[PDB]
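Reviewing the structure listed below.
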Amino acid sequence: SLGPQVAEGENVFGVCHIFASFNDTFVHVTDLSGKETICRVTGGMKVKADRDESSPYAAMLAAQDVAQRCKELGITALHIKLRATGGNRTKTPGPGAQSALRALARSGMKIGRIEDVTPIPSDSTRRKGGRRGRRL
Amino acid sequence: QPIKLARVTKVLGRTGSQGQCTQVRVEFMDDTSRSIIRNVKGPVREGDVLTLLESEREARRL
Amino acid sequence: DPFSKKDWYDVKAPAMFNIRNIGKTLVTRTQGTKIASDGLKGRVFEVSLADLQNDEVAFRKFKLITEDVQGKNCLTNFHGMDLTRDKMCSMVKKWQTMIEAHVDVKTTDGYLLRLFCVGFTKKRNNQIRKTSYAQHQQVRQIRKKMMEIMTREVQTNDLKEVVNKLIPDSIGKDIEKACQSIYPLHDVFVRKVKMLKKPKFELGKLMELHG
Amino acid sequence: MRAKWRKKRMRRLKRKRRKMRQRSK
Amino acid sequence: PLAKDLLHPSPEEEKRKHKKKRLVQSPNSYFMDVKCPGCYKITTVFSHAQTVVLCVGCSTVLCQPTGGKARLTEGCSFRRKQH
Amino acid sequence: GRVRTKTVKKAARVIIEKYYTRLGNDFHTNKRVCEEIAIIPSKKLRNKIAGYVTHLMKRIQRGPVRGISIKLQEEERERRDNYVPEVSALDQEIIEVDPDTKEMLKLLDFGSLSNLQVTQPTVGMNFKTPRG
Amino acid sequence: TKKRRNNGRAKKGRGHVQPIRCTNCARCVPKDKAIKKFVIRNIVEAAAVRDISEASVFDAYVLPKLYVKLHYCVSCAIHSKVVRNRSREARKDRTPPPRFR
RNA sequence: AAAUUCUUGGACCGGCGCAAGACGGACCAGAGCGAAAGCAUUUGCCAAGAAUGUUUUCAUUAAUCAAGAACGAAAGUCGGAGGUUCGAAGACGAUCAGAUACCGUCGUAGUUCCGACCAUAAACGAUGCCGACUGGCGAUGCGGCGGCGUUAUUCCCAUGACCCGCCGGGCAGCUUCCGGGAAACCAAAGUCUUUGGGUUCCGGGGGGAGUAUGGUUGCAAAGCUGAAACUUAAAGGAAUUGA
Ligand SMILES: [Mg+2]
Ligand SMILES: [Mg+2]
Ligand SMILES: [Mg+2]
Ligand SMILES: [Mg+2]
Ligand SMILES: [Mg+2]
Ligand SMILES: [Mg+2]
Ligand SMILES: [Mg+2]
Ligand SMILES: [Mg+2]
Ligand SMILES: [Mg+2]
Ligand SMILES: [Mg+2]
Ligand SMILES: [Mg+2]
Ligand SMILES: [Mg+2]
Ligand SMILES: [Mg+2]
Ligand SMILES: [Mg+2]
Ligand SMILES: [Mg+2]
Ligand SMILES: [Mg+2]
Ligand SMILES: [Zn+2]
């Protein structure tokens, strides 16, 4: 729980995988390989109503909790892998992406590289909904 | 979690579903480099000081 | 708190790169059947080339897989090459032709690789028209030129030398130079290098990859 | 009533007429 | 223009016309004398040869057919003829 | 909403050229001008006419106004319009001539003028804007 | 009466273009008829670039873009105001609106 | 907005692999080919095809076409294989006065491949085919021809990539007091009371009605052919002004 044994003067790097969907936000810090989870706080566990799971306020609250727990383990800098739902469905990142990443930059973390890892398909299976679409 | 106070730089316009809240951009006197846009309820001049309970969320423009 | 029984291991890149330290990794310490070594034997690291080289491009990434643990030091090897999505999505623009090719080739040692490559037709400085396309038969002879080149700087040497060629864009550069006589094309890169089969592991070989 | 549903209703009616005639033939 | 003379066009605008659309039809092809750099005889070759023509004696080849005019091999001089 | 109606604007635009010499710069003096020089049915309308005339004069000083022709300003145009130089701008001891027009001249009886000069035509037909 | 010369689409000598799926809802729209929008934005808004830049471990770090192409049906285009109805004379011109900002 | 739904028996999320079946984004355009339906990863094989080029060959061999023939989206039908996704029917949760719907969770037939049926679509350019003539302008695709000039081979001829033109078919675009039209509009929907180039199909106020019946095709669903009694002063097209 103390963290890495290393002298100062260098950063130790983790990676946060941000999943900014339209229904909630996942802030999920892991090591370089991605195999070891270090802290996963979701935007939906910081609100009392499930209408606000995707709120930018929840994303800000989630990132602050992740950053504070990240400081405990000793990680100082993060690489960003922004991600929308992607795949067959919509590919634009949700409202929580902007606020979740801004919080990590204001909570003492150091931002490394930013990349987009949304899963675009070469072509996927037929999409949910009728031929007439989701009409309302 | 401290509380910040800031000064408005200009008045951007009147917003809200009924025109009751104003968007202005605030400028901290603690830090002369950071400015953000916030909604404010009530009549607001230029140069007055707004007490910000929390100063982390940004108000979308109209 | 599981993180109390977790220790940290350093990760070392092969000697063929300038910078040695990738970072640090976690693992649950050896407790009964679960050995701390086997948990670190299949880690894959996506590191950009600008991180490994002292000063190079930032749009190329390499997959480094840990092979052995020599005691607080994980030993990695080349596993795959990849081109960042930001750059990849930026080269694809309208009113031009995309040309793609792939080859399956085995180096002198038993390493089997897939090499995906991309190239786009370039518009003249003098050009007035907008389309800037290529005939189908020109596209065919460019990519057969593009396959026949890439297979010769890989099957003639070993895994060490092909990665040395991968650090610059030498494979992409030669494709540019050869195919200009057919149709001049500008944004040529080796888009992706998948590695299919490894040879049987021999610890002596790895220690040459790490000095 | 659009012509699509009108002709659907007509087809159902014709099917019943044909069945009832084949009942007696 | 209204009073354009259809009987008398200048050779400038009559050459650009389609071979069938001239005032009177006339082919655009011609014959020519092709001499190899090696031998001394001169052969008559159609401009749009449409076949691989080679000089007798099996010395070399003369022309290579294309989608239009035939192209002559390197070094073979040609001069067209009239009558 | 202090917008001048056409009745106030038209009288000001008529008074001003007929008495530009008398009308001045201040509002109170030319308020006295308008009262006798034109019949105004009411005071409040006289003040608005006189006030606009005061505003119009300041515009006239900087430059001519398109609506009003002050008798002193169009007479300045005649000396601006009747100006002629002393040496013709069309007289040159050498002129830049492209070769093809020298052939166009050659087809005429002007085979060789005295003050012609052959200039090299541009190489590369780069005269169409790129398409996009 | 026939509203548009080309019947709302760009099919002129084909007889069949493959359909696609809109992005707002999953409506099936022909590829030529659909309203394409190729947006190119930063990962972070202009209000957050300084915050990220002050936190970057590098120096003079370029900010990555995010390229995605949107497809819209006619109904979803009118409702999202990407396009709107024009006068009969104004329907014919087809240059895009000004790209000044 | 929620709920049905999964969830310490560890869901969602992160990595590493494996399996299957669909699908071929971005490039992708008022661009190409095909009789229409339709057709988009690489490579190989087989047969075909328009256009261009031609001082080659035959010499009227042609155009349109009752009866007849081949192809014909999707859905549907019959036998095998496979069944990832989506999803008629169906079940449930919402919404609602009701909701056998729109919205959400699951989900059968189907959607996929093979071998046979079916012959219908707003199968649309709502516009038969062949031929002739009657304004421009700028592009685009294919073939050929000509020409200052840049660039690659390199080692120059010649080839590719640009540039400027001409010719022939092709999908189209802009403009016009050609002309027409009820107008919308059309360079064809023009060359029409100044009416006749050739030829096929097809309409005769609105319904009843693509109905009844007879025939014929089909495993079936259904396809083609197809009335009458009776009822009705309108039904409809284009454009204008209000609401
Ligand atoms: Mg449904
Ligand atoms: Mg609606
Ligand atoms: Mg209408
Ligand atoms: Mg169709
Ligand atoms: Mg593709
Ligand atoms: Mg028939
Ligand atoms: Mg079918
Ligand atoms: Mg079926
Ligand atoms: Mg079956
Ligand atoms: Mg219900
Ligand atoms: Mg449903
Ligand atoms: Mg489902
Ligand atoms: Mg029909
Ligand atoms: Mg019809
Ligand atoms: Mg007649
Ligand atoms: Mg009738
Ligand atoms: Zn839609």
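Following the order of the structure tokens, first chain is A, next is B, and so on, with residues numbered from 1 inside each chain and ligands from 1 in the order they appear.
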Which residues sit within 12 Å of ligand 1, counting only C-alpha atoms (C1' of nucleotides) and all ligand atoms, listed as a VMD selection string?
(chain A and resid 128 to 135) or (chain H and resid 86 to 89 101 to 105 107)
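Selection of all polymer residues within 9 Å of ligand 7 on the basis of only C-alpha atoms (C1' of nucleotides) and all ligand atoms gives residues 73, 74, 75 and 76 of chain H.
The space between atom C1' of residue H:230 and atom 1 (Mg, counted along the ligand's line) of ligand 16 spans 15.8 Å.
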Need the shell around stretch 117-122 of chain F: protein/DNA/RNA residues with any atom at most 8 Å away, counting only C-alpha atoms (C1' of nucleotides). Skip same-chain ones fewer than 4 positions apart. Format as a list in words?
residues 94, 95, 96, 97, 98, 99 and 102 of chain F
Write a file of the selected residues as a JSON list (two decimals), in the first residue's frame, keeping N, CA and C atoms.
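What follows is the written file again_21.json:
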```
[["chain", "number", "residue", "atom", "x", "y", "z"],
["F", 94, "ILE", "N", 9.80, 53.23, -73.96],
["F", 94, "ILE", "CA", 9.86, 51.79, -74.17],
["F", 94, "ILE", "C", 8.59, 51.18, -73.58],
["F", 95, "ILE", "N", 8.05, 50.17, -74.26],
["F", 95, "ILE", "CA", 6.83, 49.50, -73.83],
["F", 95, "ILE", "C", 7.04, 47.99, -73.86],
["F", 96, "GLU", "N", 6.46, 47.30, -72.88],
["F", 96, "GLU", "CA", 6.57, 45.85, -72.77],
["F", 96, "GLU", "C", 5.64, 45.20, -73.79],
["F", 97, "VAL", "N", 6.21, 44.42, -74.71],
["F", 97, "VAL", "CA", 5.44, 43.79, -75.77],
["F", 97, "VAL", "C", 5.73, 42.30, -75.80],
["F", 98, "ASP", "N", 4.67, 41.50, -75.74],
["F", 98, "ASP", "CA", 4.76, 40.07, -75.96],
["F", 98, "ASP", "C", 4.95, 39.75, -77.44],
["F", 99, "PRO", "N", 5.64, 38.65, -77.76],
["F", 99, "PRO", "CA", 5.99, 38.38, -79.17],
["F", 99, "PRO", "C", 4.78, 38.20, -80.08],
["F", 102, "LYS", "N", 3.42, 41.31, -81.50],
["F", 102, "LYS", "CA", 4.34, 41.78, -82.53],
["F", 102, "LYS", "C", 4.06, 41.11, -83.87]]
```
Find, counting only C-alpha atoms, the residue in G:72, G:100, G:58, G:38 that gets nearest to chain A.
G:58
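For the choices H:167, H:209, H:157, H:118, the atom-to-atom distance to ligand 8 is smallest for H:118 when using only C-alpha atoms (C1' of nucleotides) and all ligand atoms.
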Residues within 12 Å of ligand 4, counting only C-alpha atoms (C1' of nucleotides) and all ligand atoms: report them as a PyMOL selection string.
(chain G and resi 11-18+30) or (chain H and resi 36-38+72-74+121-125)
Write a file of the selected residues as a PDB file, in the first residue's frame, keeping C-alpha atoms (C1' of nucleotides).
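Written file, out_35.pdb:
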```
ATOM      1  CA  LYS G  11     -28.127   8.765 -57.749  1.00  0.00           C
ATOM      2  CA  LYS G  12     -27.873   9.529 -61.448  1.00  0.00           C
ATOM      3  CA  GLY G  13     -26.882   6.386 -63.338  1.00  0.00           C
ATOM      4  CA  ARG G  14     -26.936   3.584 -60.777  1.00  0.00           C
ATOM      5  CA  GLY G  15     -30.375   2.297 -59.865  1.00  0.00           C
ATOM      6  CA  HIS G  16     -29.206   1.063 -56.462  1.00  0.00           C
ATOM      7  CA  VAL G  17     -26.847   2.470 -53.832  1.00  0.00           C
ATOM      8  CA  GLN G  18     -26.230   0.561 -50.623  1.00  0.00           C
ATOM      9  CA  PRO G  30     -29.275   5.436 -48.810  1.00  0.00           C
TER      10      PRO G  30
ATOM     11  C1'   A H  36     -33.257  -4.429 -65.750  1.00  0.00           C
ATOM     12  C1'   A H  37     -32.957  -6.478 -60.854  1.00  0.00           C
ATOM     13  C1'   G H  38     -28.081  -5.111 -59.200  1.00  0.00           C
ATOM     14  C1'   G H  72     -36.108 -10.463 -62.510  1.00  0.00           C
ATOM     15  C1'   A H  73     -34.946  -6.598 -55.205  1.00  0.00           C
ATOM     16  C1'   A H  74     -37.480  -7.758 -50.718  1.00  0.00           C
ATOM     17  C1'   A H 121     -42.332  -3.249 -55.935  1.00  0.00           C
ATOM     18  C1'   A H 122     -43.055   4.528 -55.638  1.00  0.00           C
ATOM     19  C1'   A H 123     -39.361  -2.653 -60.340  1.00  0.00           C
ATOM     20  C1'   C H 124     -39.481   5.825 -60.838  1.00  0.00           C
ATOM     21  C1'   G H 125     -36.454   9.490 -65.082  1.00  0.00           C
TER      22        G H 125
END
```
Need the shell around stretch 82-93 of chain A: protein/DNA/RNA residues with any atom at most 6 Å away, counting only C-alpha atoms (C1' of nucleotides). Skip same-chain ones fewer than 4 positions apart. Format as an MDAnalysis selection string?
chainID A and resid 18:21 116:121 124
Non-local contacts of residue G:34 (12 Å; only C-alpha atoms (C1' of nucleotides); under 4 positions in same chain excluded) as JSON, numbers by chain
{"G": [8, 9, 10, 11, 17, 18, 19, 20, 21, 22, 23, 27, 28, 29, 30, 69, 70, 71, 72, 73, 74, 75, 76, 77, 83]}
Residue subset to file, keeping N, CA and C atoms, as a JSON list (two decimals), in the first residue's frame:
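What landed in result-v9.json:
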```json
[["chain", "number", "residue", "atom", "x", "y", "z"],
["G", 8, "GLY", "N", -33.82, 14.45, -54.21],
["G", 8, "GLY", "CA", -33.28, 14.49, -52.87],
["G", 8, "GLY", "C", -31.99, 13.72, -52.68],
["G", 9, "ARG", "N", -31.42, 13.15, -53.73],
["G", 9, "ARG", "CA", -30.29, 12.25, -53.61],
["G", 9, "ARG", "C", -29.31, 12.51, -54.75],
["G", 10, "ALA", "N", -28.24, 11.72, -54.79],
["G", 10, "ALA", "CA", -27.18, 11.89, -55.77],
["G", 10, "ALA", "C", -27.05, 10.68, -56.69],
["G", 11, "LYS", "N", -28.12, 9.91, -56.85],
["G", 11, "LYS", "CA", -28.13, 8.77, -57.75],
["G", 11, "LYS", "C", -28.49, 9.24, -59.15],
["G", 17, "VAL", "N", -27.98, 2.19, -54.71],
["G", 17, "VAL", "CA", -26.85, 2.47, -53.83],
["G", 17, "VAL", "C", -27.12, 1.80, -52.50],
["G", 18, "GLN", "N", -26.06, 1.31, -51.86],
["G", 18, "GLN", "CA", -26.23, 0.56, -50.62],
["G", 18, "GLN", "C", -26.68, 1.49, -49.50],
["G", 19, "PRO", "N", -27.56, 1.02, -48.62],
["G", 19, "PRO", "CA", -28.01, 1.85, -47.50],
["G", 19, "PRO", "C", -27.01, 1.86, -46.36],
["G", 20, "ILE", "N", -27.20, 2.84, -45.47],
["G", 20, "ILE", "CA", -26.41, 2.99, -44.26],
["G", 20, "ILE", "C", -27.36, 3.20, -43.09],
["G", 21, "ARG", "N", -26.79, 3.43, -41.91],
["G", 21, "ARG", "CA", -27.56, 3.64, -40.69],
["G", 21, "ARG", "C", -27.24, 5.02, -40.13],
["G", 22, "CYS", "N", -28.28, 5.77, -39.79],
["G", 22, "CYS", "CA", -28.08, 7.08, -39.18],
["G", 22, "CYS", "C", -27.46, 6.93, -37.80],
["G", 23, "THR", "N", -26.98, 8.05, -37.26],
["G", 23, "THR", "CA", -26.28, 8.05, -35.99],
["G", 23, "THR", "C", -27.16, 8.47, -34.82],
["G", 27, "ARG", "N", -32.11, 4.65, -38.36],
["G", 27, "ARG", "CA", -32.86, 4.66, -39.61],
["G", 27, "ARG", "C", -31.96, 4.25, -40.77],
["G", 28, "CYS", "N", -32.54, 3.48, -41.70],
["G", 28, "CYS", "CA", -31.82, 3.03, -42.90],
["G", 28, "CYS", "C", -31.96, 4.09, -43.98],
["G", 29, "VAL", "N", -30.84, 4.70, -44.35],
["G", 29, "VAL", "CA", -30.83, 5.78, -45.33],
["G", 29, "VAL", "C", -29.88, 5.40, -46.47],
["G", 30, "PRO", "N", -30.24, 5.65, -47.73],
["G", 30, "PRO", "CA", -29.27, 5.44, -48.81],
["G", 30, "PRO", "C", -28.05, 6.33, -48.63],
["G", 69, "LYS", "N", -17.09, 10.60, -38.50],
["G", 69, "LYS", "CA", -17.98, 11.03, -39.56],
["G", 69, "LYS", "C", -19.41, 10.64, -39.22],
["G", 70, "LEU", "N", -20.31, 11.61, -39.26],
["G", 70, "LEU", "CA", -21.70, 11.42, -38.85],
["G", 70, "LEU", "C", -22.60, 11.27, -40.07],
["G", 71, "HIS", "N", -23.60, 10.41, -39.94],
["G", 71, "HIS", "CA", -24.61, 10.21, -40.98],
["G", 71, "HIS", "C", -25.97, 10.55, -40.39],
["G", 72, "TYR", "N", -26.78, 11.26, -41.16],
["G", 72, "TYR", "CA", -28.06, 11.75, -40.68],
["G", 72, "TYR", "C", -29.15, 11.44, -41.69],
["G", 73, "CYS", "N", -30.30, 11.00, -41.19],
["G", 73, "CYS", "CA", -31.48, 10.95, -42.03],
["G", 73, "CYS", "C", -32.04, 12.36, -42.19],
["G", 74, "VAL", "N", -33.01, 12.50, -43.09],
["G", 74, "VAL", "CA", -33.62, 13.81, -43.30],
["G", 74, "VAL", "C", -34.32, 14.27, -42.03],
["G", 75, "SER", "N", -35.08, 13.38, -41.40],
["G", 75, "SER", "CA", -35.84, 13.75, -40.21],
["G", 75, "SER", "C", -34.93, 14.17, -39.07],
["G", 76, "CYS", "N", -33.85, 13.42, -38.84],
["G", 76, "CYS", "CA", -32.93, 13.76, -37.77],
["G", 76, "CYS", "C", -32.08, 14.97, -38.10],
["G", 77, "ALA", "N", -31.94, 15.31, -39.38],
["G", 77, "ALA", "CA", -31.21, 16.52, -39.76],
["G", 77, "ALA", "C", -32.04, 17.77, -39.49],
["G", 83, "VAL", "N", -29.43, 21.12, -41.05],
["G", 83, "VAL", "CA", -29.98, 21.71, -42.26],
["G", 83, "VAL", "C", -31.38, 22.21, -41.94]]
```
DSSP alpha helix (DSSP H) residues within stretch 86-205 of chain C, as a ChimeraX atom specification
/C:86-91,136-150,159-166,170-179,203-205
Write the residues of the preceding selection, restricted to C-alpha atoms, as a short mmCIF file (atom, residue, chain, number, x, y, z; two decimals), in the first residue's frame.
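Output below, filename out_26.cif:
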```
data_model
loop_
_atom_site.label_atom_id
_atom_site.label_comp_id
_atom_site.auth_asym_id
_atom_site.auth_seq_id
_atom_site.Cartn_x
_atom_site.Cartn_y
_atom_site.Cartn_z
CA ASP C 86 -4.95 9.81 -34.59
CA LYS C 87 -2.36 9.76 -37.37
CA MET C 88 -4.05 6.85 -39.15
CA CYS C 89 -7.40 8.66 -39.32
CA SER C 90 -5.70 11.87 -40.48
CA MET C 91 -4.03 10.42 -43.58
CA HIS C 136 -7.23 -0.03 -61.21
CA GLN C 137 -4.31 -1.54 -63.13
CA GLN C 138 -1.98 1.11 -61.72
CA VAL C 139 -3.22 0.27 -58.22
CA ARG C 140 -2.53 -3.43 -58.81
CA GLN C 141 1.04 -2.92 -59.99
CA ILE C 142 1.78 -0.52 -57.12
CA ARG C 143 0.70 -3.02 -54.49
CA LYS C 144 2.46 -5.96 -56.15
CA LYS C 145 5.52 -3.71 -56.11
CA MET C 146 4.58 -2.96 -52.51
CA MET C 147 4.39 -6.65 -51.55
CA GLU C 148 7.53 -7.65 -53.45
CA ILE C 149 9.61 -5.00 -51.67
CA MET C 150 8.48 -5.59 -48.09
CA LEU C 159 14.19 -10.29 -35.89
CA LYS C 160 16.85 -7.89 -34.60
CA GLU C 161 17.46 -6.29 -37.99
CA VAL C 162 13.83 -5.93 -39.08
CA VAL C 163 13.01 -3.93 -35.94
CA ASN C 164 16.06 -1.78 -36.66
CA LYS C 165 14.50 -1.16 -40.07
CA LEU C 166 11.16 -0.50 -38.35
CA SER C 170 13.00 2.63 -44.31
CA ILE C 171 10.49 0.04 -45.54
CA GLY C 172 7.99 2.81 -46.28
CA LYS C 173 10.65 5.00 -47.87
CA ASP C 174 11.73 2.38 -50.40
CA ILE C 175 8.10 1.79 -51.40
CA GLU C 176 7.78 5.54 -52.00
CA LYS C 177 10.91 5.65 -54.16
CA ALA C 178 10.02 2.64 -56.30
CA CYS C 179 6.35 3.44 -56.92
CA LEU C 203 17.03 -18.14 -22.81
CA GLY C 204 20.45 -17.66 -24.39
CA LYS C 205 18.95 -15.80 -27.35
#
```
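With only C-alpha atoms (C1' of nucleotides) and all ligand atoms as the atoms that count, the set of residues no farther than 9 Å from ligand 10 is residues 92, 93, 94, 99 and 100 of chain H.
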If you count only C-alpha atoms (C1' of nucleotides), which residues fall within 10 Å of residue A:73, apart from same-chain ones fewer than 4 positions away, as a list in words?
residues 1, 2, 3, 4, 38, 39, 68 and 69 of chain A; 3 and 4 of chain C
For the residues in that selection, give me C-alpha atoms as a CSV table (one decimal), in the first residue's frame.
```
chain,number,residue,atom,x,y,z
A,1,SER,CA,0.0,0.0,0.0
A,2,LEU,CA,3.0,2.2,0.4
A,3,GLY,CA,3.9,2.1,-3.3
A,4,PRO,CA,7.0,1.7,-5.4
A,38,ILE,CA,-5.5,0.0,-9.2
A,39,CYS,CA,-8.6,2.1,-8.8
A,68,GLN,CA,-6.8,10.6,-4.4
A,69,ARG,CA,-6.6,6.8,-4.2
C,3,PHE,CA,-2.3,-4.0,-2.4
C,4,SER,CA,-0.2,-4.6,0.8
```
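Excluding residue E:50 and any residue on its chain fewer than 5 positions from it, the residues at most 12 Å away by only C-alpha atoms (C1' of nucleotides) are residues 45, 63, 64, 65, 66, 67, 68, 69, 70 and 71 of chain E; 53, 54 and 56 of chain H.
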At most 12 Å to chain C: residues in chain F, only C-alpha atoms, as JSON, numbers by chain
{"F": [124, 125, 126, 127, 128, 129, 130, 131, 132]}
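For ligand 6, the neighbouring polymer residues at 9 Å or closer are residues 66, 67 and 68 of chain H, only C-alpha atoms (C1' of nucleotides) and all ligand atoms being used.
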Taking only C-alpha atoms into account, what are the residues of chain G at most 9 Å from chain C, put as a ChimeraX atom specification?
/G:64-68
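Taking atom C1' of residue H:16 as the reference point, atom CA of residue C:38 is found at 12.7 Å.
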